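Given as structure tokens, the chain that follows is alone and in the form deposited in one PDB entry.
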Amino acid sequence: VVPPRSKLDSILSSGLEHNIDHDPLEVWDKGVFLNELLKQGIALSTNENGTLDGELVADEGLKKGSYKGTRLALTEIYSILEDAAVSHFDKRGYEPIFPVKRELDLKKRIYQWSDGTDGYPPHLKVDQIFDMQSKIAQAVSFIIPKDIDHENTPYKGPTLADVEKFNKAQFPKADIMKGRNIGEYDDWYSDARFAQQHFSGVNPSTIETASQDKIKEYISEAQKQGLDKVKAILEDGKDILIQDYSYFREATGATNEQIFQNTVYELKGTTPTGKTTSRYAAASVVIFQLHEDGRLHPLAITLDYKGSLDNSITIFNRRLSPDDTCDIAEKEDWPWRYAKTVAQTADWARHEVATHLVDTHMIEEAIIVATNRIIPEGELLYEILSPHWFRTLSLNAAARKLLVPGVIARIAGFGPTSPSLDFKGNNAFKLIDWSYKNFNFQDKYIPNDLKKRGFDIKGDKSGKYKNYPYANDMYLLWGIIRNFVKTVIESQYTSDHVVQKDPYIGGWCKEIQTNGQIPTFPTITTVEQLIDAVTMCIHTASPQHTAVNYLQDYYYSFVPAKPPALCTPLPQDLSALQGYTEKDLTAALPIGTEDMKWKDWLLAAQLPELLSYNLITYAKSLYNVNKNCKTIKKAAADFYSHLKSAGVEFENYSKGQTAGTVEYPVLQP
């Protein structure tokens, strides 16, 4: 044998077999990271007695870093804040960790309404890190060094072809799709793949039938540009759809003559340095047409809709049909690619703010709070709803404290500036307020939502909805959750009067409509209204949130496919836009070593991991504890069977898409 004293010596004495630099950091050792924060003064300061100051320790933030280290640093600090939140909510008893029995009267003292002065819609009033409720938002600009090595980063460029190349090199190799992005497709820019996102990407649920009036406007704007075939297509008017972001102005208080801009101040600790960076945004409008075979096809994009099409800049597609051929390949149609990117920035905002944050997280929270204030724990409604809300309130607070003012409001183009002293005077937050105000609980029950946005998913046998798997899956899933809810709710609620004389349903509806500020929540008096509202809550908690968030990384990670905002002003008119080139597009995306664009790319690629990083386990758990609980038992067995049966159907709607179309695995049990 070689003895162990010889093996030891040969390892210590000989050169190194393995060079650390060839092995990049994948996740921080938690202990080491917490320390480095300390050493850097990225930490809360305190007085002799133990109480907080209000301030951090470090006066300035970090100097140097590397995209990969800063990327993971943001992630870790965020996950720290969430634990901090979780722990804080345990102490207060907003979400206790070890269960606690609490009368309904003590819960009214614990669960209170915030008052709107933090700048948010109504939520749990919150009041160690959440005791001074800003200083945490500080700590994120402190982790983002003032400059980083730009070599071997995903934004360096200088061209799209460069960042495409880099993107693919970072891929590993349904389960898979998680670990790649839309860059995997060489034609990530294609009209087909662009519009497809309005049916099966992260915001599948806001596109709607275009109205006769809008159609008329574009018929008129088409005529002005001497474009006869477009005019005909529109005038004939068969299945014209619209995705309409023009409400950005209405929702921020913007006038039609004002331009969306976010001037970003470089701070040195807290004071500015003089250096600024502007990001720009737009209240775009896309008109599409949906063909018989199923392919949604884009016809027109209005970059920023300023009151009328006369006052705006509309560009029409050279291809009038998925199969049309122009002399200029889609790849080199730069104005149109610019237009498409612009519309993508609009969708980023509407998705992130309204469809994700507002329509799943913040409405749900108003309902969580009201439920705890109004229904005692023993009751059926409580018993059925509460499992879907676990650890939800604490997470919503991290988002409020840090995610919106630190990231969403930093990389948007709404401004007016960043950072911002008051969040009431900040456009992102007004946009959140408006989304909240204009949410309609009932209109968003799946069957009403499709019918209203104008889709006969339910009955159509033509196959023109085969490329709308969100719709097809959700019709089916919604009815399966409903059926479950029904079997359970009907075990006690045997006629509409049991609902009408329930001691709690009445004030619950009231609490929500008023303090919760969701007037569109039903005033429940029927069993069918009770079934539907509860189905919407389970819908909102699991599958809607999962549809709207699970492929967030896939769609945003490769920033050129769907950038948060523009890095340059919009063109001054149509003529300018028609002369756009690859450089005009590229300038407007966060690519290169200049204008703090790396910081934008960094945050834009990170947001998914910060927002990301099921119903069978539910059904299975429910069946086991319940072994009228005999009715609750069979309801959960049946529910289990049907979700499985549906899984096969979602994989069919995914396959049944037209050829080449990206998969839709998002609702797999």
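From 1 onward, residues are counted along the sequence shown. Throughout, rigid core stands for the largest set of C-alpha atoms superposing within 1.5 Å between the two forms.
The discussion below concerns the form deposited in another entry, not included here.
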Item to complete: Please name the single residue among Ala576, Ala161, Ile328, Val100 whose Cα shifts by at least 2 Å between the shown form and the other one after core superposition.
Response: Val100
Worksheet item: Hey, does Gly119 budge by 2 Å or more at the Cα between the shown form and the other one once the core is superposed?
Response: no
Practice prompt. Tell me, please, whether between the shown form and the other one the C-alpha of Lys146 is shifted by 2 Å or more, with the rigid core used for superposition.
Written response: yes
Discussion item. If the C-alpha spacing of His539 and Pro99 moves by 3 Å or more in the other form, is that a move closer or farther apart?
Written reply: farther
Worksheet entry | Closer or farther in the other form: C-alpha pair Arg279, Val140 (3 angstroms or more) | closer
